[PDB]
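Naming convention: chains lettered A, B, ... in sequence-line order (proteins, then strands); numbering from 1 in each chain. Because only heavy atoms are used, hydrogens play no part in the values below, and waters and symmetry mates are left out as well, while side chains stay in.
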Amino acid sequence: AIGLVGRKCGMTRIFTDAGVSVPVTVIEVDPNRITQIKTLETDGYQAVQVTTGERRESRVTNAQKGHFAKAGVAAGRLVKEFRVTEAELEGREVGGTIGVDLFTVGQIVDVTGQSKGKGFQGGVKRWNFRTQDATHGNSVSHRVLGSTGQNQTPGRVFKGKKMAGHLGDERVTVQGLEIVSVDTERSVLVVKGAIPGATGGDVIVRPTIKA
Amino acid sequence: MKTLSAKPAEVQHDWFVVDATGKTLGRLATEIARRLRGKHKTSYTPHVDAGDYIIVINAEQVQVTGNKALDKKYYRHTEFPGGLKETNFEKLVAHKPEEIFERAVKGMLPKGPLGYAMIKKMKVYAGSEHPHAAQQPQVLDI
Amino acid sequence: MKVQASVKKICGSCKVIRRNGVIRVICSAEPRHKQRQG
Amino acid sequence: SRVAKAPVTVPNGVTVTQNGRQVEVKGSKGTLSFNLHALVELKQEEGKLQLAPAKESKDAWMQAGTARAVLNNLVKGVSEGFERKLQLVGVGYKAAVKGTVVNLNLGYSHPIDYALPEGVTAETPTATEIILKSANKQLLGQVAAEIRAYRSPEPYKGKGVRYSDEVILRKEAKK
RNA sequence: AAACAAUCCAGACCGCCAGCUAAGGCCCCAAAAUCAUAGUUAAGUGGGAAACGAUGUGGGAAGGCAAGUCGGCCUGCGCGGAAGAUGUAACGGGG
RNA sequence: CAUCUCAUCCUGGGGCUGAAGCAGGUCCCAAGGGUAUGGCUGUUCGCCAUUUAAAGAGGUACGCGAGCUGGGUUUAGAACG
RNA sequence: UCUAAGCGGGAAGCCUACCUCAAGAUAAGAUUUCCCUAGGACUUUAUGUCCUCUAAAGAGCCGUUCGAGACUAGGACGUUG
Ligand SMILES: [Mg+2]
Ligand SMILES: [Mg+2]
Ligand SMILES: [Mg+2]
Ligand SMILES: [Mg+2]
Ligand SMILES: [Mg+2]
Ligand SMILES: [Mg+2]
Ligand SMILES: [Mg+2]
Ligand SMILES: [Mg+2]
Ligand SMILES: [Mg+2]
Ligand SMILES: [Mg+2]
Ligand SMILES: [Mg+2]
Ligand SMILES: [Zn+2]
């Protein structure tokens, strides 16, 4: 299903007439420009490759210059593919635009983004590990992992053991979000809930796959 | 007079295509392994690969006897703490017949660099057509 | 069903059947005479 | 086998062709098909099938008996089909054969729509009654059993879907 | 004999790109039979196990009743009985 | 901080019932997930209080002290019988 | 007679399905676009050697930095900002 590429602009609230306050995220959607269409005879799968935003000409390589010039679009700051079906490819064509009116108020969507990076983190923050007693004779180990295995059988650490490591900065999808408003003059989506990432980060909005 | 080894530079690999329709799996794999190893040549050398290329077509029509289509299990371990996975002969032959032929033949070959080089020469295809017509394979009827 | 190592006719209406290599006893008179060897 | 070694009677009107290992029985009310086991061959005189094993083994005699019984059913049903009767017992249990579906009310929170296959036809003379019929005896039995499976007769009062030719184990709940 | 002091075959003076054999083997890993003849098993039994259970299936000696049928034995090979902890894991593997 | 087994505690699917219904008893299949907080005691356990859908049984050097503790037990002091 | 031939139904379990990673998948896959088109000599006569001319697409160093970060890596920009 074809989606949009926008930018997390920030969070707000929307008051309903009945007094309910709704936490919302504003996604700014520069209208996406179709750069390529992949079909079964050429690529082995059907997809719509789209670009959005703008990139100055000195940061655009010659390869990408020619790739955007083949289509009738200007270079954007990123290029993304959406895997689609036929009959979801009727009025789509290279050099076309996919705007914010692809979504309706109340439609359920999934938002994909890059979560905030927390760097190197320990078991407590990364795996919800429990701390050991702060003061009952406890030595210099309060937030440490504890045991990492067993004795001589198996005599190793198993794969997938939860240890300290880099946390966040991953691709995350939040499903089941509702479209609170579709401002086509501001080119903005307003969705209910929280979406992954920081303000200014790239987010992909798709129709919900749960259906 | 001393016994000579085949030089790798003068080994002549030949291409063959065998049809697997309605053949016993193991009884075809033994002949494939013999051809791949080069055991049918008088220049046979255990440290040299002098075998032939073998194209297997219609690989998904290979047969097992008895009740093995349902009873023969194929195992994997992902090396994760509970990650032992299991499949059937009939599920795997309708999903990956090339893995069936590769597992059958790789166990009948030597286990080492030369063995991997020998297994590289078996090309397995589920359909009736293969892409190696440039190599002009001869019909090896087993 | 009774899953036993010893299965046999109980009443005169119990039939001894073999199904998929399992010896079973099915009875039309008494549903409680159903047996499977195992 | 005694079931085999007895020739099936073909009434006048039904044809039975034997193209290959397949066997096609055409009649006034159907076109059924059958496969012959590799251990048994077929031949008519003019209007009588005589199934006989080849190689004369015990397996072949078993398979020949099976082929004779199935072909006798095929001829019988293609000439004049089979029919089965279901009876619904219990208050509120109703059945309506509309179009090619059976709408059943069997003490549930929703009525069951059963979709008859292309071989089987259904009818309803009375609400607590279904008469199915088809050429295929196997298909008829399958449809009847699948309908009965929705609500089988219970021992304590007999309520449910039952066969007309079915004896029900009755019980009681003396304290 | 997978691996395996004490099992089986065999007692190493040194050399050889010679031959015959033992135990054990001869589809492939891996040297030699996809050898031959006649049977049995369908359980991957072979390739772990008992009391006991059973119209499995092959053979033998009888017996009763008369389109053959009944149920008693003695045996060959099978079936159930048969649940464990890192990973198939009770043919070394492929098969 | 775990990981496995299944001889299953809950949840899922069935047979029988001395199964009216509700609810049970018992056997079969099933290891995906889940599977208390406290008082007492060094306790494991156990008892009790109150929950829970349930508060499973085991293996892992009776898993885990070059990860923590050191209450018990098993150094040297001291006392009672 | 559910099974021998043939045809079905049937579970939180299995395979998919949902999410994330993933071509070092050495079998290293695919698509789009972009760049490089000079002369000689010497023989070991061949992805041969040396000399002259060439230095592309792009990448990096470096700098201003970051909602990215142990160092890295990654993202943005460097005056036409
Ligand atoms: Mg200290
Ligand atoms: Mg401290
Ligand atoms: Mg080890
Ligand atoms: Mg050895
Ligand atoms: Mg000899
Ligand atoms: Mg050999
Ligand atoms: Mg032979
Ligand atoms: Mg169990
Ligand atoms: Mg307690
Ligand atoms: Mg311990
Ligand atoms: Mg102490
Ligand atoms: Zn009985």
Item to complete: Looking at every strand, decide which applies to B/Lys2 at a 4.0 Å heavy-atom threshold: base, sugar-phosphate, or nothing.
Response: base
Response to the item:
Closest to the 5' end of RNA chain F, once C/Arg36 and A/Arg130 are matched to their nearest nucleotides, is A/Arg130
Item to complete: Go through the N and O atoms of the side chain of A/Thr61 and the base of G/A57, and report whether any donor-acceptor pair is under 3.5 Å.
Response: no
Discussion item. Do the side chains of B/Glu79 and A/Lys159 get close enough for a salt bridge, i.e. N-O under 4.0 angstrom?
Written reply: no
Discussion item. With E/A22 and E/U37, is there a Watson-Crick or G-U wobble pair, both distances less than 3.5 Å?
Written reply: no
Practice prompt. Select base, sugar-phosphate, or nothing to describe what B/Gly115 touches, counting heavy atoms under 4.0 Å on all strands.
Written response: nothing
Response to the item:
Whole-Å distance, A/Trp127 CH2 to F/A2 P, equals 10 Å
Discussion item. Tell me whether the NZ or CZ atom of D/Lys5 lies within the 45° cone about the ring axis of D/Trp61 and under 6.0 Å from its centre.
Written reply: yes
Fill in: Phosphate OP1/OP2 of E/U55 contacted by C/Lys9 side-chain N/O (<4.0 Å)
yes
Worksheet item: Could B/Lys39 and B/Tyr44 be counted as a cation-pi pair, given that NZ or CZ must be under 6.0 Å from the ring centre and within 45° of the axis?
Response: yes
Practice prompt. Looking at every strand, decide which applies to C/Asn20 at a 4.0 Å heavy-atom threshold: base, sugar-phosphate, or nothing.
Written response: sugar-phosphate
Dump every N/O contact between nucleotides 8-16 of chain G and the protein below 3.5 Å, one line per pair.
none

Practice prompt. Check every strand shown and say whether A/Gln175 touches a base, only sugar-phosphate, or nothing at a heavy-atom separation below 4.0 Å.
Written response: sugar-phosphate
Worksheet item: Which is true for D/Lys137 with a 4.0 Å heavy-atom rule: it touches a base, it touches only sugar-phosphate, or it touches nothing?
Response: nothing
Practice prompt. Would you classify C/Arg18 as touching base, sugar-phosphate or nothing, given that sugar-phosphate means primed atoms plus P, OP1 and OP2, and contacts are heavy atoms under 4.0 Å?
Written response: sugar-phosphate
Discussion item. If the cut-off is 4.0 Å, is A/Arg56 near the phosphate of G/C77, judged by side-chain N/O to OP1 or OP2?
Written reply: yes
Discussion item. Side chain of A/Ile209, heavy atoms from C-beta onward: which of E/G53, G/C18, E/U34 has the nearest atom to it?
Written reply: G/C18
Item to complete: Mind calculating the distance between CZ (D/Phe34) and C1' (G/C7) to the nearest angstrom?
Response: 12 Å
Practice prompt. Have a look at A/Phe120 and say if it touches a base, only the backbone sugar-phosphate, or nothing, with a 4.0 Å heavy-atom cut-off.
Written response: sugar-phosphate
Worksheet item: How would the sugar of F/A61 be described, north or south, if a positive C1'-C2'-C3'-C4' means north and a negative one means south?
Response: south
Worksheet item: In whole Å, what separates the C1' atom of E/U40 from that of E/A82?
Response: 26 Å
Discussion item. Give me the distance, rounded to whole Å, that separates E/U88 from F/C6 when you measure between the P atoms they each carry.
Written reply: 10 Å
Item to complete: Look at C/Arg19 and G/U3 and indicate whether a side-chain polar atom (N or O) is within less than 4.0 Å of OP1 or OP2.
Response: yes
Practice prompt. With north meaning a positive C1'-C2'-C3'-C4' (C3'-endo side) and south a negative one (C2'-endo side), sort F/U11 into one of the two.
Written response: north
Worksheet entry | Atom pair distance, as rounded to whole Å: CG in A/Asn128 and P in F/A2 | 10 Å
Item to complete: Determine the sugar pucker of E/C17: a positive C1'-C2'-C3'-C4' angle counts as north, a negative one as south.
Response: south
Item to complete: Could you check whether B/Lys120 gets within reach of a base, just the sugar-phosphate, or nothing at all, counting any heavy atom under 4.0 Å?
Response: sugar-phosphate
Practice prompt. Under 4.0 Å between any heavy atoms, over every strand shown, what does D/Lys5 touch: base, sugar-phosphate, or nothing? Just pick one.
Written response: nothing
Fill in: Nearest-angstrom distance, P atom, G/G48 to G/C35
28 Å
Might you list the N or O atoms of the protein lying below 3.5 Å from N or O atoms in nucleotides 61-65 of chain F, with each pair's distance?
from: F/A61; atom 1: OP1; to: A/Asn151; atom 2: N; distance (Å): 3.1
from: F/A61; atom 1: OP1; to: A/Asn151; atom 2: O; distance (Å): 2.9
from: F/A61; atom 1: OP2; to: A/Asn151; atom 2: O; distance (Å): 2.5
from: F/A61; atom 1: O2'; to: A/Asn151; atom 2: ND2; distance (Å): 3.1
from: F/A61; atom 1: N7; to: A/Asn151; atom 2: OD1; distance (Å): 3.2
from: F/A61; atom 1: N7; to: A/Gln152; atom 2: OE1; distance (Å): 3.1
from: F/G63; atom 1: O2'; to: A/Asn151; atom 2: N; distance (Å): 2.8
from: F/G63; atom 1: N2; to: A/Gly149; atom 2: O; distance (Å): 3.0
from: F/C64; atom 1: OP1; to: A/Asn151; atom 2: ND2; distance (Å): 2.9
from: F/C64; atom 1: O2'; to: A/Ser147; atom 2: OG; distance (Å): 2.6
from: F/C64; atom 1: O2; to: A/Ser147; atom 2: OG; distance (Å): 3.4

Worksheet, complete the sentence: From the candidates E/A31, E/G95, E/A54, the one with an atom nearest any side-chain atom of B/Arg103 is E/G95
Discussion item. Output the rounded distance in Å from CZ (A/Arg171) to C1' (G/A22).
Written reply: 13 Å
Worksheet item: Does OP1 or OP2 of E/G80 have a side-chain N or O of C/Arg24 closer than 4.0 Å?
Response: no
Worksheet item: Which part of the nucleic acid, if any, lies within contact of A/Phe129, taking any heavy atom under 4.0 Å across all strands shown: a base, the sugar-phosphate backbone alone, or nothing?
Response: sugar-phosphate
Worksheet item: Does the side chain of A/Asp110 pick up a donor-acceptor pair with the side chain of A/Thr173 at under 3.5 Å?
Response: no
Worksheet item: When only distance counts, do a donor and an acceptor, one from the side chain of A/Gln132 and one from the base of F/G67, lie under 3.5 Å apart?
Response: yes
Worksheet item: Once you round it to whole Å, what is the distance between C1' of G/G78 and CZ of A/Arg55?
Response: 13 Å
Practice prompt. Give a yes or no on whether F/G71 and F/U44 are a Watson-Crick or wobble pair, applying the 3.5 Å threshold to both distances.
Written response: no
Response to the item:
Whole-Å distance, D/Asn35 CG to G/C7 P, equals 9 Å
Worksheet item: Rounded to the nearest Å, what distance is computed from the CZ atom of residue A/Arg126 to the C1' atom of nucleotide F/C1?
Response: 15 Å
Discussion item. Counting only side-chain heavy atoms from C-beta out, which of G/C19, G/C34, E/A31 sits nearest to A/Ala63?
Written reply: G/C34
Practice prompt. Could you work out which one of E/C29, G/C2, G/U32 sits closest to the side chain of B/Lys39?
Written response: E/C29
Worksheet item: Is a donor-acceptor pair below 3.5 Å formed from side chain B/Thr3 to base E/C17, judging by atom type as modelled?
Response: yes
Practice prompt. Identify, via the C1'-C2'-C3'-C4' dihedral, which side the sugar of E/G63 sits on: north or south.
Written response: north
Worksheet item: For F/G46 and F/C40, do both pairing distances fall under 3.5 Å in a Watson-Crick or G-U wobble arrangement?
Response: yes
Fill in: 5' precedence on RNA chain F between A/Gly160 and C/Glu30 (nearest-nucleotide basis)
A/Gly160
Worksheet item: Does D/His37 stack onto the base of G/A5, taking stacking as ring centres under 5.5 Å apart and planes under 30° apart?
Response: no
Worksheet item: From the list E/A54, E/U86, G/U31, which nucleotide is the closest neighbour of the side chain of A/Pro154?
Response: E/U86
Discussion item. I'd like to check B/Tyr116 versus B/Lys111 (side-chain heavy atoms, cut-off strictly below 4.5 Å). Are they in contact?
Written reply: no
Worksheet item: B/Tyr74 has an atom OH; how far is it from atom P of E/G93, in whole Å?
Response: 16 Å
Discussion item. Is it the case that the base of F/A20 and the side chain of D/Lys171 share a donor-acceptor contact (distance under 3.5 Å, atom types as modelled)?
Written reply: no
Worksheet item: Pucker class of E/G44 from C1'-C2'-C3'-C4', north or south?
Response: south
Item to complete: Respond yes when some side-chain nitrogen or oxygen of A/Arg77 is under 4.0 Å from OP1 or OP2 of G/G75, and no when none is.
Response: no
Discussion item. Would you measure the distance from the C1' atom in F/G39 across to the matching atom in F/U35 and give it in whole Å?
Written reply: 23 Å
Worksheet item: Which listed nucleotide (G/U32, G/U20, G/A57) is nearest to the side chain of A/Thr173?
Response: G/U20
Item to complete: Check every strand shown and say whether D/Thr66 touches a base, only sugar-phosphate, or nothing at a heavy-atom separation below 4.0 Å.
Response: base
Worksheet item: When we call it a touch if two heavy atoms are under 4.0 Å apart, what does A/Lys161 touch: a base, just sugar-phosphate, or nothing?
Response: sugar-phosphate
Discussion item. Any side-chain N or O of B/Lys72 below 4.0 angstrom from OP1/OP2 of E/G94?
Written reply: no
Worksheet item: Would you say G/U33 has OP1 or OP2 under 4.0 Å from some side-chain N or O of A/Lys70?
Response: yes
